[PDB]
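**Q** Take this structure first; my questions come after.
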Amino acid sequence: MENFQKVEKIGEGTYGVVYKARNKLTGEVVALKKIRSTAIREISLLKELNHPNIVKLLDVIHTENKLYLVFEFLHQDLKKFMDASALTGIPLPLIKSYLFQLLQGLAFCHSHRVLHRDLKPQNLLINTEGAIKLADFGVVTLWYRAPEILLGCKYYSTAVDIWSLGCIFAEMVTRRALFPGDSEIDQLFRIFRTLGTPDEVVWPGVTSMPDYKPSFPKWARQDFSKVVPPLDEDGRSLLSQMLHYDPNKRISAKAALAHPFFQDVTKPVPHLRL
Ligand SMILES: O=C(NC1CCNCC1)c1n[nH]cc1NC(=O)c1c(F)cccc1F
């Protein structure tokens, strides 16, 4: 650890604190995450999970009851970029590029049986080159939580990452969070109010979930044309498939990459003021 000079705190978190730091020897600038035997083994599995859309884990330093994760440094995250593009909105071809890249990242993880589990704009990092990458592989924000997690499914699938990414896609488009819940039930009920209270028709097995209550109010569903205007039909079609209640019907990352929405995908560069 002494092998690094701290430059500035870049953020806190549930797990640990994140610093911008400099390798005292190499000069390399990195993000250094400080963590307050099976965790060590799953961490070391992460070191092999290399992809251009996954923040590169450079090193894992286990010392004196402290754990340091050394990551490649990126200058900006999607949360701040959204905030900064608020007045004008992220241009659609850039939204589409970011979505496509994240779908590639997810198709990679998922094929290796790795789930992210906690996707959110704050953990999506961006560079000047137009690249976007997944970070922080798993108050706590519930806004991107899939409904099967909220309903108490213990053994949820890669589908939960697709739900979170749908939520982020919608938010880039509208410049407002899709389901800004401030408690588990508020999060659940905000989802129901927009997508309709789920039942056995749309999600077989739903009424048998651990936290499902027959007393849930019964809201009718709303049309996507109301949800994410002025996203085109291809985009609204893809979003509706990323937000299917049933995790088994929800589109996979790999099938999403084939959706017609991406027929004209390109890689624009964002304008970033560092
Ligand atoms: O936070 C990072 N960069 C910020 C720099 C300041 N401008 C904003 C971007 C970062 N660069 N490389 C990895 C990073 N962060 C993480 O891996 C990370 C995270 F994104 C969220 C939680 C924990 C964590 F370790």
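Residue names in the structure tokens use chain letters A, B, ... in the order shown, residue numbers from 1 in each chain, and ligand numbers from 1 in the order shown.
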Return as number ranges by chain the full set of residues in stretch 69-252 of chain A whose backbone-based DSSP assignment is alpha helix (DSSP H).
**A** A: 78-84, 92-111, 147-150, 159-174, 184-195, 224-227, 233-242
**Q** For the contact check between stretch 35-87 of chain A and stretch 138-151 of chain A, emit one row per residue of stretch 35-87 of chain A within 12 Å, containing the shortest atom pair and the distance in Å rounded to one decimal, counting only C-alpha atoms, chain then rising number order, as CSV.
**A**
```
residue,atom,partner,partner_atom,distance
A:39,CA,A:138,CA,11.0
A:42,CA,A:138,CA,10.4
A:43,CA,A:138,CA,10.1
A:46,CA,A:138,CA,10.4
```
**Q** Around ligand 1, out to 8 Å and counting only C-alpha atoms and all ligand atoms, which residues are there? I want them as a PyMOL selection string.
**A** chain A and resi 10-13+15-20+30-33+55+69+71-77+80+122-126+135-136
**Q** Could you dump the residues just selected with C-alpha atoms as a tab-separated table (two decimals), in the first residue's frame?
**A**
```tsv
chain	number	residue	atom	x	y	z
A	10	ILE	CA	-13.07	10.73	-4.97
A	11	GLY	CA	-15.90	9.18	-3.04
A	12	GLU	CA	-17.19	7.15	-0.16
A	13	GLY	CA	-19.51	4.16	-0.24
A	15	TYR	CA	-17.96	-0.96	0.97
A	16	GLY	CA	-15.17	1.55	1.33
A	17	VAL	CA	-13.62	4.86	0.39
A	18	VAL	CA	-12.29	5.60	-3.10
A	19	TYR	CA	-9.18	7.71	-3.76
A	20	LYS	CA	-7.40	9.07	-6.77
A	30	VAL	CA	-5.19	4.90	-10.37
A	31	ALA	CA	-8.38	4.80	-8.29
A	32	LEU	CA	-7.59	3.13	-4.97
A	33	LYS	CA	-10.56	1.60	-3.14
A	55	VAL	CA	-13.06	-0.89	-15.31
A	69	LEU	CA	-8.45	-2.65	-4.79
A	71	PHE	CA	-8.38	0.25	-10.51
A	72	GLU	CA	-7.64	2.03	-13.77
A	73	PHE	CA	-8.64	5.69	-13.25
A	74	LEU	CA	-11.38	7.33	-15.30
A	75	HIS	CA	-12.13	11.02	-15.13
A	76	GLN	CA	-15.90	11.12	-15.03
A	77	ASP	CA	-18.97	9.03	-14.05
A	80	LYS	CA	-22.16	13.67	-12.98
A	122	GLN	CA	-22.55	6.64	-10.26
A	123	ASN	CA	-20.76	3.31	-10.98
A	124	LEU	CA	-20.59	3.78	-14.77
A	125	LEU	CA	-17.37	5.55	-15.68
A	126	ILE	CA	-16.59	7.47	-18.85
A	135	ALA	CA	-17.38	-0.38	-12.03
A	136	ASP	CA	-17.98	-1.50	-8.41
```
**Q** Which residues are close to residue A:91, i.e. within 10 Å by only C-alpha atoms, leaving aside same-chain residues fewer than 3 positions away? Reply as a list in words.
**A** residues 85, 88, 94, 95, 96, 172, 173, 268 and 270 of chain A
**Q** I need the chosen residues saved as an mmCIF file, in the first residue's frame, with C-alpha atoms.
**A**
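The result, written out as out-v3.cif:
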```cif
data_model
loop_
_atom_site.group_PDB
_atom_site.id
_atom_site.type_symbol
_atom_site.label_atom_id
_atom_site.label_comp_id
_atom_site.auth_asym_id
_atom_site.auth_seq_id
_atom_site.Cartn_x
_atom_site.Cartn_y
_atom_site.Cartn_z
ATOM 1 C CA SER A 85 -25.999 17.525 -19.639
ATOM 2 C CA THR A 88 -29.589 20.069 -22.999
ATOM 3 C CA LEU A 94 -24.326 9.039 -27.490
ATOM 4 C CA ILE A 95 -27.077 7.481 -25.372
ATOM 5 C CA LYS A 96 -27.264 4.668 -27.896
ATOM 6 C CA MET A 172 -30.572 9.291 -19.938
ATOM 7 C CA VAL A 173 -33.452 9.836 -22.380
ATOM 8 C CA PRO A 268 -19.557 9.686 -30.690
ATOM 9 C CA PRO A 270 -18.713 13.216 -25.308
#
```
**Q** Taking only stretch 9-159 of chain A into account, list the residues labelled strand (DSSP E or B) by DSSP (computed from the backbone), as a PDB file with N, CA, C and O atoms, in the first residue's frame.
**A**
```pdb
ATOM      1  N   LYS A   9      -9.653  12.321  -2.200  1.00  0.00           N
ATOM      2  CA  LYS A   9     -10.810  11.455  -2.051  1.00  0.00           C
ATOM      3  C   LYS A   9     -11.740  11.658  -3.226  1.00  0.00           C
ATOM      4  O   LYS A   9     -12.063  12.795  -3.582  1.00  0.00           O
ATOM      5  N   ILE A  10     -12.110  10.574  -3.891  1.00  0.00           N
ATOM      6  CA  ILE A  10     -13.068  10.729  -4.972  1.00  0.00           C
ATOM      7  C   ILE A  10     -14.477  10.312  -4.603  1.00  0.00           C
ATOM      8  O   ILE A  10     -15.451  10.757  -5.220  1.00  0.00           O
ATOM      9  N   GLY A  11     -14.597   9.549  -3.527  1.00  0.00           N
ATOM     10  CA  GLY A  11     -15.904   9.177  -3.038  1.00  0.00           C
ATOM     11  C   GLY A  11     -15.896   8.146  -1.946  1.00  0.00           C
ATOM     12  O   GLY A  11     -14.933   7.398  -1.770  1.00  0.00           O
ATOM     13  N   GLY A  16     -16.303   0.818   0.838  1.00  0.00           N
ATOM     14  CA  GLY A  16     -15.166   1.555   1.333  1.00  0.00           C
ATOM     15  C   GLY A  16     -15.093   2.974   0.842  1.00  0.00           C
ATOM     16  O   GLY A  16     -16.107   3.579   0.491  1.00  0.00           O
ATOM     17  N   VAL A  17     -13.877   3.504   0.847  1.00  0.00           N
ATOM     18  CA  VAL A  17     -13.617   4.863   0.395  1.00  0.00           C
ATOM     19  C   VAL A  17     -12.818   4.719  -0.873  1.00  0.00           C
ATOM     20  O   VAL A  17     -11.947   3.865  -0.939  1.00  0.00           O
ATOM     21  N   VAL A  18     -13.051   5.606  -1.834  1.00  0.00           N
ATOM     22  CA  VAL A  18     -12.288   5.597  -3.097  1.00  0.00           C
ATOM     23  C   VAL A  18     -11.401   6.826  -3.236  1.00  0.00           C
ATOM     24  O   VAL A  18     -11.866   7.966  -3.075  1.00  0.00           O
ATOM     25  N   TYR A  19     -10.125   6.598  -3.539  1.00  0.00           N
ATOM     26  CA  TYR A  19      -9.181   7.711  -3.756  1.00  0.00           C
ATOM     27  C   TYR A  19      -8.588   7.740  -5.159  1.00  0.00           C
ATOM     28  O   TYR A  19      -8.288   6.707  -5.742  1.00  0.00           O
ATOM     29  N   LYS A  20      -8.323   8.942  -5.656  1.00  0.00           N
ATOM     30  CA  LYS A  20      -7.397   9.074  -6.774  1.00  0.00           C
ATOM     31  C   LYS A  20      -5.989   8.986  -6.165  1.00  0.00           C
ATOM     32  O   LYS A  20      -5.667   9.667  -5.179  1.00  0.00           O
ATOM     33  N   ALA A  21      -5.133   8.172  -6.755  1.00  0.00           N
ATOM     34  CA  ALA A  21      -3.813   7.948  -6.145  1.00  0.00           C
ATOM     35  C   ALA A  21      -2.754   7.794  -7.225  1.00  0.00           C
ATOM     36  O   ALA A  21      -3.061   7.460  -8.361  1.00  0.00           O
ATOM     37  N   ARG A  22      -1.498   7.948  -6.834  1.00  0.00           N
ATOM     38  CA  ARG A  22      -0.397   7.777  -7.769  1.00  0.00           C
ATOM     39  C   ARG A  22       0.580   6.702  -7.306  1.00  0.00           C
ATOM     40  O   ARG A  22       0.968   6.661  -6.138  1.00  0.00           O
ATOM     41  N   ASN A  23       0.859   5.756  -8.191  1.00  0.00           N
ATOM     42  CA  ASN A  23       1.849   4.744  -7.907  1.00  0.00           C
ATOM     43  C   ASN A  23       3.197   5.402  -7.650  1.00  0.00           C
ATOM     44  O   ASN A  23       3.826   5.909  -8.573  1.00  0.00           O
ATOM     45  N   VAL A  29      -1.418   6.779 -12.456  1.00  0.00           N
ATOM     46  CA  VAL A  29      -2.532   7.295 -11.644  1.00  0.00           C
ATOM     47  C   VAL A  29      -3.710   6.317 -11.730  1.00  0.00           C
ATOM     48  O   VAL A  29      -3.918   5.660 -12.758  1.00  0.00           O
ATOM     49  N   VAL A  30      -4.261   6.013 -10.563  1.00  0.00           N
ATOM     50  CA  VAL A  30      -5.190   4.901 -10.372  1.00  0.00           C
ATOM     51  C   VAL A  30      -6.300   5.407  -9.422  1.00  0.00           C
ATOM     52  O   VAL A  30      -6.191   6.481  -8.853  1.00  0.00           O
ATOM     53  N   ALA A  31      -7.369   4.625  -9.311  1.00  0.00           N
ATOM     54  CA  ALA A  31      -8.375   4.797  -8.287  1.00  0.00           C
ATOM     55  C   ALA A  31      -8.107   3.687  -7.281  1.00  0.00           C
ATOM     56  O   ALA A  31      -7.977   2.522  -7.650  1.00  0.00           O
ATOM     57  N   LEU A  32      -7.940   4.075  -6.024  1.00  0.00           N
ATOM     58  CA  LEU A  32      -7.588   3.134  -4.971  1.00  0.00           C
ATOM     59  C   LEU A  32      -8.781   2.986  -4.015  1.00  0.00           C
ATOM     60  O   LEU A  32      -9.212   3.945  -3.376  1.00  0.00           O
ATOM     61  N   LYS A  33      -9.415   1.823  -4.032  1.00  0.00           N
ATOM     62  CA  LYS A  33     -10.556   1.603  -3.139  1.00  0.00           C
ATOM     63  C   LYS A  33     -10.115   0.915  -1.833  1.00  0.00           C
ATOM     64  O   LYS A  33      -9.498  -0.146  -1.856  1.00  0.00           O
ATOM     65  N   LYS A  34     -10.400   1.551  -0.702  1.00  0.00           N
ATOM     66  CA  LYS A  34     -10.033   0.984   0.601  1.00  0.00           C
ATOM     67  C   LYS A  34     -11.214   0.260   1.244  1.00  0.00           C
ATOM     68  O   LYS A  34     -12.288   0.844   1.413  1.00  0.00           O
ATOM     69  N   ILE A  35     -11.021  -1.017   1.556  1.00  0.00           N
ATOM     70  CA  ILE A  35     -12.065  -1.833   2.164  1.00  0.00           C
ATOM     71  C   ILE A  35     -11.840  -1.983   3.665  1.00  0.00           C
ATOM     72  O   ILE A  35     -10.791  -2.461   4.098  1.00  0.00           O
ATOM     73  N   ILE A  54     -15.294  -2.908 -18.909  1.00  0.00           N
ATOM     74  CA  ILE A  54     -15.261  -3.163 -17.471  1.00  0.00           C
ATOM     75  C   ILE A  54     -14.022  -2.476 -16.914  1.00  0.00           C
ATOM     76  O   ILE A  54     -12.952  -2.647 -17.485  1.00  0.00           O
ATOM     77  N   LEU A  57      -9.424  -3.937 -13.059  1.00  0.00           N
ATOM     78  CA  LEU A  57      -8.835  -4.180 -11.740  1.00  0.00           C
ATOM     79  C   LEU A  57      -7.328  -4.467 -11.935  1.00  0.00           C
ATOM     80  O   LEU A  57      -6.953  -5.525 -12.426  1.00  0.00           O
ATOM     81  N   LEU A  58      -6.489  -3.504 -11.568  1.00  0.00           N
ATOM     82  CA  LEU A  58      -5.046  -3.592 -11.819  1.00  0.00           C
ATOM     83  C   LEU A  58      -4.378  -4.500 -10.812  1.00  0.00           C
ATOM     84  O   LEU A  58      -3.557  -5.336 -11.173  1.00  0.00           O
ATOM     85  N   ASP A  59      -4.749  -4.349  -9.545  1.00  0.00           N
ATOM     86  CA  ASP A  59      -4.122  -5.118  -8.483  1.00  0.00           C
ATOM     87  C   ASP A  59      -5.059  -5.237  -7.302  1.00  0.00           C
ATOM     88  O   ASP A  59      -5.850  -4.338  -7.031  1.00  0.00           O
ATOM     89  N   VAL A  60      -4.820  -6.278  -6.512  1.00  0.00           N
ATOM     90  CA  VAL A  60      -5.517  -6.527  -5.251  1.00  0.00           C
ATOM     91  C   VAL A  60      -4.440  -6.639  -4.157  1.00  0.00           C
ATOM     92  O   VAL A  60      -3.559  -7.503  -4.218  1.00  0.00           O
ATOM     93  N   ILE A  61      -4.460  -5.713  -3.210  1.00  0.00           N
ATOM     94  CA  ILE A  61      -3.463  -5.704  -2.146  1.00  0.00           C
ATOM     95  C   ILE A  61      -4.114  -6.057  -0.820  1.00  0.00           C
ATOM     96  O   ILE A  61      -4.808  -5.232  -0.222  1.00  0.00           O
ATOM     97  N   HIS A  62      -3.902  -7.285  -0.361  1.00  0.00           N
ATOM     98  CA  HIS A  62      -4.404  -7.675   0.948  1.00  0.00           C
ATOM     99  C   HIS A  62      -3.340  -7.527   2.039  1.00  0.00           C
ATOM    100  O   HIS A  62      -2.375  -8.287   2.085  1.00  0.00           O
ATOM    101  N   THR A  63      -3.530  -6.544   2.917  1.00  0.00           N
ATOM    102  CA  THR A  63      -2.582  -6.288   3.994  1.00  0.00           C
ATOM    103  C   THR A  63      -3.299  -5.978   5.300  1.00  0.00           C
ATOM    104  O   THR A  63      -4.424  -5.474   5.296  1.00  0.00           O
ATOM    105  N   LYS A  66      -6.683  -4.902   6.071  1.00  0.00           N
ATOM    106  CA  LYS A  66      -7.106  -3.910   5.098  1.00  0.00           C
ATOM    107  C   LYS A  66      -7.058  -4.560   3.715  1.00  0.00           C
ATOM    108  O   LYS A  66      -6.242  -5.440   3.457  1.00  0.00           O
ATOM    109  N   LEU A  67      -7.989  -4.175   2.854  1.00  0.00           N
ATOM    110  CA  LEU A  67      -8.031  -4.687   1.493  1.00  0.00           C
ATOM    111  C   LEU A  67      -8.032  -3.458   0.593  1.00  0.00           C
ATOM    112  O   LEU A  67      -8.864  -2.570   0.767  1.00  0.00           O
ATOM    113  N   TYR A  68      -7.086  -3.389  -0.338  1.00  0.00           N
ATOM    114  CA  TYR A  68      -7.054  -2.315  -1.308  1.00  0.00           C
ATOM    115  C   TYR A  68      -7.256  -2.876  -2.696  1.00  0.00           C
ATOM    116  O   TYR A  68      -6.554  -3.809  -3.112  1.00  0.00           O
ATOM    117  N   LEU A  69      -8.224  -2.313  -3.405  1.00  0.00           N
ATOM    118  CA  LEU A  69      -8.447  -2.648  -4.795  1.00  0.00           C
ATOM    119  C   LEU A  69      -7.911  -1.514  -5.677  1.00  0.00           C
ATOM    120  O   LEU A  69      -8.342  -0.352  -5.546  1.00  0.00           O
ATOM    121  N   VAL A  70      -6.973  -1.844  -6.565  1.00  0.00           N
ATOM    122  CA  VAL A  70      -6.366  -0.829  -7.442  1.00  0.00           C
ATOM    123  C   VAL A  70      -7.030  -0.865  -8.821  1.00  0.00           C
ATOM    124  O   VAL A  70      -6.933  -1.864  -9.522  1.00  0.00           O
ATOM    125  N   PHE A  71      -7.679   0.224  -9.219  1.00  0.00           N
ATOM    126  CA  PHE A  71      -8.379   0.246 -10.513  1.00  0.00           C
ATOM    127  C   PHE A  71      -7.755   1.226 -11.498  1.00  0.00           C
ATOM    128  O   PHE A  71      -7.171   2.217 -11.113  1.00  0.00           O
ATOM    129  N   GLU A  72      -7.954   0.987 -12.790  1.00  0.00           N
ATOM    130  CA  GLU A  72      -7.640   2.033 -13.775  1.00  0.00           C
ATOM    131  C   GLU A  72      -8.538   3.263 -13.443  1.00  0.00           C
ATOM    132  O   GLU A  72      -9.688   3.137 -12.996  1.00  0.00           O
ATOM    133  N   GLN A  76     -14.520  10.703 -15.236  1.00  0.00           N
ATOM    134  CA  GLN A  76     -15.903  11.122 -15.027  1.00  0.00           C
ATOM    135  C   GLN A  76     -16.811   9.891 -14.844  1.00  0.00           C
ATOM    136  O   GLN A  76     -16.466   8.793 -15.278  1.00  0.00           O
ATOM    137  N   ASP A  77     -17.911  10.055 -14.117  1.00  0.00           N
ATOM    138  CA  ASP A  77     -18.971   9.032 -14.049  1.00  0.00           C
ATOM    139  C   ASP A  77     -20.273   9.550 -14.687  1.00  0.00           C
ATOM    140  O   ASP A  77     -20.429  10.765 -14.954  1.00  0.00           O
ATOM    141  N   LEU A 124     -20.883   3.914 -13.338  1.00  0.00           N
ATOM    142  CA  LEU A 124     -20.594   3.784 -14.774  1.00  0.00           C
ATOM    143  C   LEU A 124     -19.630   4.929 -15.132  1.00  0.00           C
ATOM    144  O   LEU A 124     -19.903   6.104 -14.874  1.00  0.00           O
ATOM    145  N   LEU A 125     -18.427   4.563 -15.534  1.00  0.00           N
ATOM    146  CA  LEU A 125     -17.367   5.555 -15.680  1.00  0.00           C
ATOM    147  C   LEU A 125     -17.104   5.832 -17.139  1.00  0.00           C
ATOM    148  O   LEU A 125     -17.114   4.922 -17.933  1.00  0.00           O
ATOM    149  N   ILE A 126     -16.728   7.064 -17.456  1.00  0.00           N
ATOM    150  CA  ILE A 126     -16.588   7.472 -18.851  1.00  0.00           C
ATOM    151  C   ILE A 126     -15.228   8.153 -19.101  1.00  0.00           C
ATOM    152  O   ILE A 126     -14.721   8.855 -18.222  1.00  0.00           O
ATOM    153  N   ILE A 132     -17.489   3.796 -22.169  1.00  0.00           N
ATOM    154  CA  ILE A 132     -18.199   3.744 -20.896  1.00  0.00           C
ATOM    155  C   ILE A 132     -17.932   2.386 -20.285  1.00  0.00           C
ATOM    156  O   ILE A 132     -17.846   1.391 -20.996  1.00  0.00           O
ATOM    157  N   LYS A 133     -17.679   2.348 -18.983  1.00  0.00           N
ATOM    158  CA  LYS A 133     -17.387   1.054 -18.363  1.00  0.00           C
ATOM    159  C   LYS A 133     -18.055   0.809 -17.025  1.00  0.00           C
ATOM    160  O   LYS A 133     -18.303   1.736 -16.243  1.00  0.00           O
ATOM    161  N   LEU A 134     -18.327  -0.466 -16.782  1.00  0.00           N
ATOM    162  CA  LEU A 134     -18.900  -0.974 -15.529  1.00  0.00           C
ATOM    163  C   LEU A 134     -17.856  -0.943 -14.402  1.00  0.00           C
ATOM    164  O   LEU A 134     -16.728  -1.442 -14.578  1.00  0.00           O
TER     165      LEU A 134
END
```
**Q** With a distance cut-off of 9 Å and only C-alpha atoms, select the neighbouring residues of residue A:165, excluding the residue or stretch itself and same-chain residues fewer than 4 positions from it, and output the selection as a PyMOL selection string.
**A** chain A and resi 99+102-103+119-120+144+160-161+169-170+242
**Q** Between atom CA of residue A:48 and atom CA of residue A:167, what distance in Å does the model show, to one decimal?
**A**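 According to the coordinates, atom CA of residue A:48 and atom CA of residue A:167 are separated by 28.2 Å.
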**Q** Give me, as a list in words, all polymer residues having an atom no more than 8 Å from stretch 244-253 of chain A, counting only C-alpha atoms and skipping those fewer than 4 positions away in the same chain.
**A**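 Those residues are residues 103, 104, 106, 107, 147, 148, 157, 159, 160, 162, 198, 202, 203, 204, 240 and 257 of chain A.
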**Q** Nearest residue to residue A:231 out of A:219, A:192, A:261, A:212, using only C-alpha atoms?
**A**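 Between A:219, A:192, A:261, A:212, the residue approaching residue A:231 most closely is A:261.
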**Q** Go through A:101, A:238, A:191, A:121 and flag the residue nearest residue A:81, using only C-alpha atoms for the distances.
**A** A:121
